[PDB]
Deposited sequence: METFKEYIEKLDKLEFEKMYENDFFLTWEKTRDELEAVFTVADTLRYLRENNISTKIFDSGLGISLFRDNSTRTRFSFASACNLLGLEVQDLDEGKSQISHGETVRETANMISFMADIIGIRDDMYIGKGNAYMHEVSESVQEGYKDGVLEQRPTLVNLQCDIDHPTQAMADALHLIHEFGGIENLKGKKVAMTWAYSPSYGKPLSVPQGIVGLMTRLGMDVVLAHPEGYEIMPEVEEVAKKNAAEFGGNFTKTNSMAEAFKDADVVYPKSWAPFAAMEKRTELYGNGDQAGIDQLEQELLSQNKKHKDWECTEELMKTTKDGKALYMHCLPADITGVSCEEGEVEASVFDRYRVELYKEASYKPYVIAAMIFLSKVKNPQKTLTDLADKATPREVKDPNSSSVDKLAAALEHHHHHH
């Protein structure tokens, strides 16, 4: 698409509320706001593809706050816009939020290890930073970008959605398509549910036919099931739950098989972690290990792919995947399946840097159309031509 087309698309969307605001969960934003992230994403790509610098800050920091793929993804986005990243180690939160912010425009936060704690922690940082700006402590109001929490993974989900839009030739062609978000076997102890919950909560916004397929006992956060049901019932398409991998793969257009630990188990883990009972934690993680040992047959196999739409549904995975007979003895996907989609899987990952930059752009530029246009006319070369 040409540059004129991108600007014209933004003009028929409404997104004034994204300015000087945070980004936590995809479903806290409107459909227009989500579409403004996609379009600004592609616009920044267009400009960089044509050797046009999109630096919008002459100085200022972006605070990275972990508690290494998203590490480089955030660093990339900041540098593209002209921000310099600083990493932080790991009313105390209020104090930490003001002390790091004096010359910070952005704060990216990853906190995904504990159910309940991660999302609340980001709200506290935002609130603290809002008050500091009001009380004159801070010259600006830093906007927060959720780089992964216990509830959602918005940068991953939106990068995944944008991949689909480009693979199927527009956001409207996603309507009616069948996406299988399923569980798969991992040797690992227990992975967060942010990706499964994140793409189920997002794809349901895009009018798709979404199916959540996991073995019994691996239920996701029930409040995210409720968000998906609403989404589908309100803005078209469907949401379905099932305990059969085959039933989900059958006639699927898209396939997303990644493992996760049971929501309930993560609630226990956090309470035990809060109580301090390390002996209980060790037992819980051993109990999970042998529970998911009973579902090794959950693997994205060449036989399963065969029962997909034309035997070639787009395989998606956030990476890295557990590849059977390469990364581990038994895993999420067969080697030959992975290899055949390798190019698509990497191209999928390429959208993440642009998605974070778009979120930053939208939260810091009151008139994106004008500034994007200003940046295009000046045409500052990022490389020597």
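Residues of the deposited sequence lacking C-alpha coordinates fall in the stretches 1, 69-71, 95-102, 398-418, numbered from 1.
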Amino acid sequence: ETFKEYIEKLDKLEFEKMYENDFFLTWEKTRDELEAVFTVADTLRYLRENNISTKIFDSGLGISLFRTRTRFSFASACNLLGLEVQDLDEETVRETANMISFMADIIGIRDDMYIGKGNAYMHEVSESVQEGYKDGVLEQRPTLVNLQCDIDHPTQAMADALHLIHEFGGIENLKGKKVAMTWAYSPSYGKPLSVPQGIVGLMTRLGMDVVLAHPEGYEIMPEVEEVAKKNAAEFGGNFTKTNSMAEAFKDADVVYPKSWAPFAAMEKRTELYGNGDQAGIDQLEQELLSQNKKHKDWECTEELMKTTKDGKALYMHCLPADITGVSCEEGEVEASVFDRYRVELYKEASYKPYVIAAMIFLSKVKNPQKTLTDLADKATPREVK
From here on, numbers count along this sequence of modelled residues.
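When the C-alpha B-factors of 11-19 and 357-365 are averaged, 11-19 comes out higher. When 124-132 is weighed against 275-283, 275-283 comes out higher, by mean CA B-factor as recorded in the entry. Per the PDB record, 189 has a higher Cα B-factor than any other of 102, 249, 315, 189. Highest C-alpha temperature factor among 139, 223, 152, 253 per the entry: 223. In the PDB entry, a CA B factor belonging to the lowest third of its chain's modelled residues is recorded for residue 42. In the PDB entry, residue 27 places in the middle third of its chain by CA B-factor. Among the modelled residues of its chain, residue 218 has a C-alpha B-factor that falls in the highest third according to the deposited record. Remark: residue 64 belongs to the middle third of its chain, ranked by C-alpha B-factor as recorded. Residue 168 sits in the lowest third of its chain by CA B factor, as recorded in the PDB entry.
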